[PDB]
């Protein structure tokens, strides 16, 4: 609460164990991150027709997200303004109205209160429904993906993605009809701080060869070279002003797909158009395997095509939802095949994801002890081996294995935690990457 928290050290690239444990830090996160940032709600594909809806979370708040008659999307708090009862218990469906089943108050697709039983008889038409709408949430969309935000002071979704749009356009727009989500989602609880899985997906190439040694063995292919973390640069790491980042393994997009050829065919068939629309430097990314996150709590693997949102449940627990990304114009069997392969590797019984659960939970619960918790966590791998790049926006780290994206994630975390409002964040837009002090890095690299 100091205005310059020591919980994250952006000079020495380390973070206090308190960030995975302390309740007061978590409550501030809820206030200065989750109640201020754009959060992933889903995709138009999950509610593609007028009246379709899903229920989802924004952190610990339940919402209803509905495809309006006009074809726009709206969201509101899933709680009645009478005595607060949850309005909708279905995961999805089609509805022109949502009824609270305590006393029967009726909400429209935008959360407006449209009808109350006995309005004339018992309320004496004295209740004004206009003031009793379920609480609205701002909704914006980008390439079909739907985000929500509680803060009227937030930048637009497009400005919040910012230079990350350079990268997301590559994959979400792509060379065909673009990516979309396929549900229903898996949902499970995990006893970890929300930041452990997010940092893992945003920036953790290092763990893959150790943690997932057994699974990589069974899969074979390009990714098996990673097994054991042994002296055999693979790719690149990226981070941006609002914390978004990813690592990329060149040429590896379909590498986990064992069967699997519709997706590889799709990439080969559409990559020429990515080169046309986005350039050769983004074509490179289009066929690479990414592990990334959209700050604060949406993660994904592009290639493998798992897509997760990690909903906090207090400082020591999450509920994670897992969808599949597929090209909207991929043929039915390719869509089903991608879904099978992403789920077998990264679903609730994932051959890789199952290895991660203890990594996540343990790094959290060790801090139950006061002596253990009085310490810093290191994310210095590859510091100085990164900086601004003449083609790629943001900050780019050489190699796939490093902690560039941890550094960018925690630098923005601290910025949000220290900022009393959005205006205070925006005030530092130009200098966000001054902590990445190797300004000449790529000038030397690209002409050596």
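Residue numbers count along the first chain shown, from 1.
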If I compare the deposited sequence with the modelled residues, how many are absent between residue 232 and residue 233: none, 1 to 3, 4 to 9, or 10 or more? 4 to 9
With reference to the PDB entry, specify whether the mean Cα temperature factor is higher for 219-227 or for 160-168. 219-227
Mean Cα B-factor check, 260-268 vs 353-361, entry values; winner is 260-268
Of the residues 80, 342, 95, 377, the one carrying the largest Cα B-factor as recorded: 95
In the PDB entry, which of 70, 29, 386, 61 has its C-alpha at the highest B-factor? 70
By the record's CA B-factor, is residue 306 among the lowest, middle or highest third of residues in the chain? lowest
Pull the Cα B-factor of residue 117 out of the PDB entry and bin it into the chain's lowest, middle or highest third. highest
Going by the recorded CA B-factors, say which third of the chain residue 317 sits in, lowest, middle or highest. lowest
Based on the entry's values, in what third of the chain does the Cα temperature factor of residue 419 lie: lowest, middle or highest? middle
Comparing residue 391 with the other modelled residues of its chain, is its CA B-factor in the lowest, middle or highest third? highest
